[PDB]
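To start, the structure itself, in structure tokens.
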Amino acid sequence: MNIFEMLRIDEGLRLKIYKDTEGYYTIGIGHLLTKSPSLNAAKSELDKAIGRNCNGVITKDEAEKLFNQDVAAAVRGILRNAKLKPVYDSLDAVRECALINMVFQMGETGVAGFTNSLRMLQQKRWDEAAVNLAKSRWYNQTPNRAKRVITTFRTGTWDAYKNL
Ligand SMILES: [Cl-]
Ligand SMILES: [Cl-]
Ligand SMILES: [Cl-]
Ligand SMILES: [Cl-]
Ligand SMILES: [Cl-]
Ligand SMILES: [Rb+]
Ligand SMILES: [Rb+]
Ligand SMILES: [Rb+]
Ligand SMILES: [Rb+]
Ligand SMILES: [Rb+]
């Protein structure tokens, strides 16, 4: 297990534009296109992202291409974020994946707002951090994925993803 396999379990793979758990147009492996309710707006974003006329449909290779971009950019952005960088660097490589997963789902700003949980993670107070992470819109709206992510933070193991 690694970050790519983890996010592929959590996000799935779809080759046509669809609506994510928040109702927003998405494609591929969790590639958010737009928060606009306009499918045309989402289609324009898609064509821009891939560099061709897709009218809402991509290939698996294209989906994987966006996915690696998105993972790479989530890591890079964490390392440029003053709140998230120290936490990332303090964590072992398995727990780092949980942090990347959260950024992939809710964005850097949203994760950086988890001030108290971030502190508990930096302190290696794993059970306390796990309790705190669950007191969130995040957990309420996607509880089973949040549980997996939280278990990864709490344990530093892949037990919540072996075998999905
Ligand atoms: Cl555009
Ligand atoms: Cl993009
Ligand atoms: Cl603890
Ligand atoms: Cl708490
Ligand atoms: Cl869920
Ligand atoms: Rb998804
Ligand atoms: Rb997403
Ligand atoms: Rb719509
Ligand atoms: Rb580290
Ligand atoms: Rb905050």
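Heads up, the sequence shown stops at 164 in the UniProt record's numbering, and the numbers go up one at a time, no gaps. Where a beta carbon is used, it is the ideal one built from N, C-alpha and C, also for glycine.
- With fewer than 16 other beta carbons inside 10 angstroms of its own, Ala-93 counts as exposed.
- Residues close to ligand 3 by the beta carbon criterion (under 6 Å to any non-hydrogen atom) are, from first to last along the chain, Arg-125, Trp-126, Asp-127 and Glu-128.
- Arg-8 and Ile-29 have their alpha carbons spaced roughly 6 Å apart.
- The C-beta distance from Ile-3 to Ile-100 rounds to 5 Å, short enough to meet the 8 Å contact threshold.
- Counting only heavy atoms of ligand 4, the residues whose C-beta sits closer than 5 Å to one of them are, along the chain, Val-131 and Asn-132.
- Collapsing the DSSP output to three states places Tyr-161 in coil.
- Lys-83 is bridged by DSSP to nothing; it lacks a bridge partner.
- Under the three-state reduction of DSSP, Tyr-139 is assigned to helix.
- In terms of Cβ geometry, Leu-79 and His-31 do not form a close pair [threshold 8 Å].
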